[PDB]
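Have a look at coords_37.pdb; it's PDB, N, CA and C atoms:
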ATOM      1  N   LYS O 229       0.874  -1.167   0.000  1.00  0.00           N
ATOM      2  CA  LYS O 229       0.000   0.000   0.000  1.00  0.00           C
ATOM      3  C   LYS O 229       0.918   1.225   0.000  1.00  0.00           C
ATOM      4  N   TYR O 230       0.376   2.398   0.350  1.00  0.00           N
ATOM      5  CA  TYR O 230       1.005   3.658  -0.043  1.00  0.00           C
ATOM      6  C   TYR O 230       2.472   3.721   0.373  1.00  0.00           C
ATOM      7  N   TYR O 231       3.311   4.232  -0.528  1.00  0.00           N
ATOM      8  CA  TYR O 231       4.753   4.298  -0.326  1.00  0.00           C
ATOM      9  C   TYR O 231       5.147   5.717   0.062  1.00  0.00           C
ATOM     10  N   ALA O 232       5.737   5.864   1.242  1.00  0.00           N
ATOM     11  CA  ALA O 232       6.069   7.171   1.792  1.00  0.00           C
ATOM     12  C   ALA O 232       7.572   7.381   1.703  1.00  0.00           C
ATOM     13  N   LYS O 233       7.979   8.438   1.006  1.00  0.00           N
ATOM     14  CA  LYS O 233       9.384   8.803   0.934  1.00  0.00           C
ATOM     15  C   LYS O 233       9.826   9.414   2.258  1.00  0.00           C
ATOM     16  N   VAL O 234      10.977   8.970   2.751  1.00  0.00           N
ATOM     17  CA  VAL O 234      11.495   9.401   4.042  1.00  0.00           C
ATOM     18  C   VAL O 234      12.869  10.020   3.832  1.00  0.00           C
ATOM     19  N   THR O 235      13.064  11.221   4.371  1.00  0.00           N
ATOM     20  CA  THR O 235      14.346  11.916   4.326  1.00  0.00           C
ATOM     21  C   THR O 235      14.752  12.224   5.760  1.00  0.00           C
ATOM     22  N   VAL O 236      15.814  11.576   6.230  1.00  0.00           N
ATOM     23  CA  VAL O 236      16.249  11.664   7.619  1.00  0.00           C
ATOM     24  C   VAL O 236      17.524  12.493   7.682  1.00  0.00           C
ATOM     25  N   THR O 237      17.533  13.493   8.560  1.00  0.00           N
ATOM     26  CA  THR O 237      18.706  14.325   8.779  1.00  0.00           C
ATOM     27  C   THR O 237      19.447  13.843  10.019  1.00  0.00           C
ATOM     28  N   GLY O 238      20.727  13.517   9.852  1.00  0.00           N
ATOM     29  CA  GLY O 238      21.532  13.003  10.937  1.00  0.00           C
ATOM     30  C   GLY O 238      21.373  11.525  11.215  1.00  0.00           C
ATOM     31  N   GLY O 239      20.584  10.815  10.426  1.00  0.00           N
ATOM     32  CA  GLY O 239      20.392   9.387  10.624  1.00  0.00           C
ATOM     33  C   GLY O 239      20.547   8.627   9.326  1.00  0.00           C
ATOM     34  N   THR O 240      21.049   7.401   9.437  1.00  0.00           N
ATOM     35  CA  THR O 240      21.293   6.539   8.289  1.00  0.00           C
ATOM     36  C   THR O 240      20.501   5.247   8.435  1.00  0.00           C
ATOM     37  N   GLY O 241      20.035   4.719   7.305  1.00  0.00           N
ATOM     38  CA  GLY O 241      19.294   3.477   7.281  1.00  0.00           C
ATOM     39  C   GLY O 241      17.801   3.608   7.484  1.00  0.00           C
ATOM     40  N   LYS O 242      17.304   4.803   7.791  1.00  0.00           N
ATOM     41  CA  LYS O 242      15.876   5.032   7.956  1.00  0.00           C
ATOM     42  C   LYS O 242      15.221   5.611   6.710  1.00  0.00           C
ATOM     43  N   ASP O 243      15.961   5.743   5.613  1.00  0.00           N
ATOM     44  CA  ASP O 243      15.440   6.291   4.369  1.00  0.00           C
ATOM     45  C   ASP O 243      14.850   5.170   3.524  1.00  0.00           C
ATOM     46  N   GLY O 244      13.656   5.403   2.987  1.00  0.00           N
ATOM     47  CA  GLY O 244      13.002   4.421   2.145  1.00  0.00           C
ATOM     48  C   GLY O 244      11.505   4.619   2.051  1.00  0.00           C
ATOM     49  N   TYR O 245      10.868   3.942   1.099  1.00  0.00           N
ATOM     50  CA  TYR O 245       9.422   4.035   0.920  1.00  0.00           C
ATOM     51  C   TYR O 245       8.733   3.175   1.972  1.00  0.00           C
ATOM     52  N   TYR O 246       8.309   3.800   3.066  1.00  0.00           N
ATOM     53  CA  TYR O 246       7.568   3.078   4.091  1.00  0.00           C
ATOM     54  C   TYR O 246       6.185   2.704   3.574  1.00  0.00           C
ATOM     55  N   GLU O 247       5.732   1.505   3.925  1.00  0.00           N
ATOM     56  CA  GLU O 247       4.389   1.055   3.584  1.00  0.00           C
ATOM     57  C   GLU O 247       3.412   1.605   4.614  1.00  0.00           C
ATOM     58  N   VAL O 248       2.449   2.400   4.153  1.00  0.00           N
ATOM     59  CA  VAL O 248       1.478   3.046   5.024  1.00  0.00           C
ATOM     60  C   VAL O 248       0.077   2.730   4.516  1.00  0.00           C
ATOM     61  N   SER O 249      -0.839   2.494   5.459  1.00  0.00           N
ATOM     62  CA  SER O 249      -2.255   2.264   5.198  1.00  0.00           C
ATOM     63  C   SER O 249      -3.037   3.365   5.901  1.00  0.00           C
ATOM     64  N   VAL O 250      -3.806   4.131   5.135  1.00  0.00           N
ATOM     65  CA  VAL O 250      -4.438   5.352   5.625  1.00  0.00           C
ATOM     66  C   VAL O 250      -5.950   5.185   5.577  1.00  0.00           C
ATOM     67  N   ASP O 251      -6.599   5.412   6.716  1.00  0.00           N
ATOM     68  CA  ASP O 251      -8.051   5.534   6.812  1.00  0.00           C
ATOM     69  C   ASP O 251      -8.332   6.960   7.277  1.00  0.00           C
ATOM     70  N   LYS O 252      -8.823   7.795   6.362  1.00  0.00           N
ATOM     71  CA  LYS O 252      -8.911   9.228   6.614  1.00  0.00           C
ATOM     72  C   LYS O 252      -9.963   9.599   7.653  1.00  0.00           C
ATOM     73  N   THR O 253     -10.917   8.713   7.944  1.00  0.00           N
ATOM     74  CA  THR O 253     -11.880   9.004   9.001  1.00  0.00           C
ATOM     75  C   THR O 253     -11.182   9.168  10.345  1.00  0.00           C
ATOM     76  N   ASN O 254     -10.233   8.282  10.651  1.00  0.00           N
ATOM     77  CA  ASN O 254      -9.441   8.423  11.868  1.00  0.00           C
ATOM     78  C   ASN O 254      -8.377   9.504  11.720  1.00  0.00           C
ATOM     79  N   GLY O 255      -7.762   9.602  10.544  1.00  0.00           N
ATOM     80  CA  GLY O 255      -6.691  10.549  10.319  1.00  0.00           C
ATOM     81  C   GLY O 255      -5.305  10.048  10.654  1.00  0.00           C
ATOM     82  N   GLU O 256      -5.123   8.738  10.798  1.00  0.00           N
ATOM     83  CA  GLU O 256      -3.836   8.151  11.139  1.00  0.00           C
ATOM     84  C   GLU O 256      -3.510   7.031  10.160  1.00  0.00           C
ATOM     85  N   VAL O 257      -2.373   6.381  10.396  1.00  0.00           N
ATOM     86  CA  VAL O 257      -1.874   5.308   9.544  1.00  0.00           C
ATOM     87  C   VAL O 257      -1.715   4.048  10.382  1.00  0.00           C
ATOM     88  N   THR O 258      -2.247   2.938   9.879  1.00  0.00           N
ATOM     89  CA  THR O 258      -2.046   1.637  10.506  1.00  0.00           C
ATOM     90  C   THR O 258      -0.660   1.117  10.144  1.00  0.00           C
ATOM     91  N   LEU O 259       0.104   0.706  11.153  1.00  0.00           N
ATOM     92  CA  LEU O 259       1.459   0.225  10.920  1.00  0.00           C
ATOM     93  C   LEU O 259       1.440  -1.090  10.151  1.00  0.00           C
ATOM     94  N   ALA O 260       2.372  -1.226   9.210  1.00  0.00           N
ATOM     95  CA  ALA O 260       2.514  -2.445   8.416  1.00  0.00           C
ATOM     96  C   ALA O 260       3.393  -3.414   9.196  1.00  0.00           C
ATOM     97  N   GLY O 261       2.779  -4.463   9.738  1.00  0.00           N
ATOM     98  CA  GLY O 261       3.498  -5.408  10.567  1.00  0.00           C
ATOM     99  C   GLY O 261       3.717  -4.965  11.994  1.00  0.00           C
ATOM    100  N   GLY O 262       3.063  -3.893  12.427  1.00  0.00           N
ATOM    101  CA  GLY O 262       3.242  -3.384  13.776  1.00  0.00           C
ATOM    102  C   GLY O 262       4.621  -2.826  14.051  1.00  0.00           C
ATOM    103  N   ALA O 263       5.233  -2.177  13.064  1.00  0.00           N
ATOM    104  CA  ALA O 263       6.558  -1.601  13.233  1.00  0.00           C
ATOM    105  C   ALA O 263       6.765  -0.520  12.183  1.00  0.00           C
ATOM    106  N   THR O 264       7.765   0.329  12.427  1.00  0.00           N
ATOM    107  CA  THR O 264       8.144   1.388  11.502  1.00  0.00           C
ATOM    108  C   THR O 264       9.461   1.086  10.794  1.00  0.00           C
ATOM    109  N   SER O 265       9.834  -0.187  10.703  1.00  0.00           N
ATOM    110  CA  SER O 265      11.101  -0.552  10.090  1.00  0.00           C
ATOM    111  C   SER O 265      11.083  -0.231   8.597  1.00  0.00           C
ATOM    112  N   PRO O 266      12.200   0.230   8.040  1.00  0.00           N
ATOM    113  CA  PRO O 266      12.235   0.555   6.610  1.00  0.00           C
ATOM    114  C   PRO O 266      12.063  -0.679   5.739  1.00  0.00           C
ATOM    115  N   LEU O 267      11.497  -0.461   4.556  1.00  0.00           N
ATOM    116  CA  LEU O 267      11.304  -1.532   3.594  1.00  0.00           C
ATOM    117  C   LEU O 267      12.412  -1.516   2.543  1.00  0.00           C
ATOM    118  N   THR O 268      12.357  -2.493   1.643  1.00  0.00           N
ATOM    119  CA  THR O 268      13.347  -2.622   0.589  1.00  0.00           C
ATOM    120  C   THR O 268      12.828  -2.021  -0.717  1.00  0.00           C
ATOM    121  N   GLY O 269      13.592  -2.237  -1.785  1.00  0.00           N
ATOM    122  CA  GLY O 269      13.208  -1.753  -3.095  1.00  0.00           C
ATOM    123  C   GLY O 269      13.728  -0.383  -3.458  1.00  0.00           C
ATOM    124  N   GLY O 270      14.357   0.320  -2.519  1.00  0.00           N
ATOM    125  CA  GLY O 270      14.870   1.650  -2.787  1.00  0.00           C
ATOM    126  C   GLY O 270      13.780   2.663  -3.069  1.00  0.00           C
ATOM    127  N   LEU O 271      13.778   3.224  -4.279  1.00  0.00           N
ATOM    128  CA  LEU O 271      12.791   4.217  -4.701  1.00  0.00           C
ATOM    129  C   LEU O 271      12.181   3.800  -6.037  1.00  0.00           C
ATOM    130  N   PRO O 272      11.310   2.783  -6.038  1.00  0.00           N
ATOM    131  CA  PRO O 272      10.654   2.381  -7.288  1.00  0.00           C
ATOM    132  C   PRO O 272       9.332   3.098  -7.514  1.00  0.00           C
ATOM    133  N   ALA O 273       9.085   3.522  -8.751  1.00  0.00           N
ATOM    134  CA  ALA O 273       7.844   4.183  -9.134  1.00  0.00           C
ATOM    135  C   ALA O 273       7.108   3.302 -10.136  1.00  0.00           C
ATOM    136  N   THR O 274       5.832   3.025  -9.859  1.00  0.00           N
ATOM    137  CA  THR O 274       5.055   2.150 -10.731  1.00  0.00           C
ATOM    138  C   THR O 274       4.350   2.935 -11.831  1.00  0.00           C
ATOM    139  N   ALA O 275       3.522   3.906 -11.453  1.00  0.00           N
ATOM    140  CA  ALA O 275       2.728   4.664 -12.411  1.00  0.00           C
ATOM    141  C   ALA O 275       3.444   5.965 -12.752  1.00  0.00           C
ATOM    142  N   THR O 276       3.670   6.192 -14.048  1.00  0.00           N
ATOM    143  CA  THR O 276       4.288   7.434 -14.498  1.00  0.00           C
ATOM    144  C   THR O 276       3.367   8.634 -14.323  1.00  0.00           C
ATOM    145  N   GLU O 277       2.067   8.465 -14.554  1.00  0.00           N
ATOM    146  CA  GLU O 277       1.139   9.585 -14.478  1.00  0.00           C
ATOM    147  C   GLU O 277       1.040  10.118 -13.054  1.00  0.00           C
ATOM    148  N   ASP O 278       1.133  11.439 -12.926  1.00  0.00           N
ATOM    149  CA  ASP O 278       0.961  12.130 -11.658  1.00  0.00           C
ATOM    150  C   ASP O 278      -0.004  13.289 -11.859  1.00  0.00           C
TER
END

Starting from the file, lay out its structure as structure tokens.
Amino acid sequence: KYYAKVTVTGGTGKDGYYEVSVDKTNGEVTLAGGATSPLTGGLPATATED
């Protein structure tokens, strides 16, 4: 689900597209796997149209 770009100042290894699930009625994000650990894949883009 949604891929969030992360830019960390002063920290290494926390950069990456985090998987986020958003329900706007609550206004928060459900954690993927119950953690905020970075995912793999680097910075892949699927759809060219923006």

At most 8 Å from (9.5, 5.5, 6.9), file frame, only C-alpha atoms: which residues, as a PyMOL selection string?
chain O and resi 232-234+242-247+264-267

Those residues you just picked out, can you put them in a file as a PDB file, in the frame of the given file with N, CA and C atoms?
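Here's the written file selection_12.pdb:
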ATOM      1  N   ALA O 232       5.737   5.864   1.242  1.00  0.00           N
ATOM      2  CA  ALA O 232       6.069   7.171   1.792  1.00  0.00           C
ATOM      3  C   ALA O 232       7.572   7.381   1.703  1.00  0.00           C
ATOM      4  N   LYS O 233       7.979   8.438   1.006  1.00  0.00           N
ATOM      5  CA  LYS O 233       9.384   8.803   0.934  1.00  0.00           C
ATOM      6  C   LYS O 233       9.826   9.414   2.258  1.00  0.00           C
ATOM      7  N   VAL O 234      10.977   8.970   2.751  1.00  0.00           N
ATOM      8  CA  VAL O 234      11.495   9.401   4.042  1.00  0.00           C
ATOM      9  C   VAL O 234      12.869  10.020   3.832  1.00  0.00           C
ATOM     10  N   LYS O 242      17.304   4.803   7.791  1.00  0.00           N
ATOM     11  CA  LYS O 242      15.876   5.032   7.956  1.00  0.00           C
ATOM     12  C   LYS O 242      15.221   5.611   6.710  1.00  0.00           C
ATOM     13  N   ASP O 243      15.961   5.743   5.613  1.00  0.00           N
ATOM     14  CA  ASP O 243      15.440   6.291   4.369  1.00  0.00           C
ATOM     15  C   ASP O 243      14.850   5.170   3.524  1.00  0.00           C
ATOM     16  N   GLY O 244      13.656   5.403   2.987  1.00  0.00           N
ATOM     17  CA  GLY O 244      13.002   4.421   2.145  1.00  0.00           C
ATOM     18  C   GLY O 244      11.505   4.619   2.051  1.00  0.00           C
ATOM     19  N   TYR O 245      10.868   3.942   1.099  1.00  0.00           N
ATOM     20  CA  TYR O 245       9.422   4.035   0.920  1.00  0.00           C
ATOM     21  C   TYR O 245       8.733   3.175   1.972  1.00  0.00           C
ATOM     22  N   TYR O 246       8.309   3.800   3.066  1.00  0.00           N
ATOM     23  CA  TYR O 246       7.568   3.078   4.091  1.00  0.00           C
ATOM     24  C   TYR O 246       6.185   2.704   3.574  1.00  0.00           C
ATOM     25  N   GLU O 247       5.732   1.505   3.925  1.00  0.00           N
ATOM     26  CA  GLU O 247       4.389   1.055   3.584  1.00  0.00           C
ATOM     27  C   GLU O 247       3.412   1.605   4.614  1.00  0.00           C
ATOM     28  N   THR O 264       7.765   0.329  12.427  1.00  0.00           N
ATOM     29  CA  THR O 264       8.144   1.388  11.502  1.00  0.00           C
ATOM     30  C   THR O 264       9.461   1.086  10.794  1.00  0.00           C
ATOM     31  N   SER O 265       9.834  -0.187  10.703  1.00  0.00           N
ATOM     32  CA  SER O 265      11.101  -0.552  10.090  1.00  0.00           C
ATOM     33  C   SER O 265      11.083  -0.231   8.597  1.00  0.00           C
ATOM     34  N   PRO O 266      12.200   0.230   8.040  1.00  0.00           N
ATOM     35  CA  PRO O 266      12.235   0.555   6.610  1.00  0.00           C
ATOM     36  C   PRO O 266      12.063  -0.679   5.739  1.00  0.00           C
ATOM     37  N   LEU O 267      11.497  -0.461   4.556  1.00  0.00           N
ATOM     38  CA  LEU O 267      11.304  -1.532   3.594  1.00  0.00           C
ATOM     39  C   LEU O 267      12.412  -1.516   2.543  1.00  0.00           C
TER      40      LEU O 267
END

Quick one: pull the distance between atom CA of residue O:269 and atom CA of residue O:231, Å, one decimal.
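Answer for the atom CA of residue O:269 to atom CA of residue O:231 separation: 10.8 Å.
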
To one decimal place, how far is atom CA of residue O:255 from atom CA of residue O:238 in Å?
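Between atom CA of residue O:255 and atom CA of residue O:238 the gap works out to 28.3 Å.
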
I need the residue nearest residue O:241 from this list: O:254, O:268, O:263, O:229. Use only C-alpha atoms for the distance.
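Result for the nearest residue to residue O:241: O:268.
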
Where is the centre and how long are the edges: axis-aligned box on stretch 264-267 of chain O, 8 Å on each side, Å to one decimal, as lines of an AutoDock Vina configuration file:
center_x = 10.1
center_y = -0.1
center_z = 7.5
size_x = 20.6
size_y = 18.9
size_z = 25.9

From the DSSP assignment of the backbone, select every residue of chain O that is strand (DSSP E or B), and format the answer as a count of residues only.
13

Which residue gives the smallest distance to residue O:250 among O:230, O:270, O:276, O:235, with all atoms listed in the file counted?
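Checking each of O:230, O:270, O:276, O:235 against residue O:250, counting all atoms listed in the file, the winner is O:230.
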
Hey, can you check how far atom CA of residue O:277 sits from atom C of residue O:236?
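Atom-to-atom, atom CA of residue O:277 to atom C of residue O:236, that is 27.7 Å.
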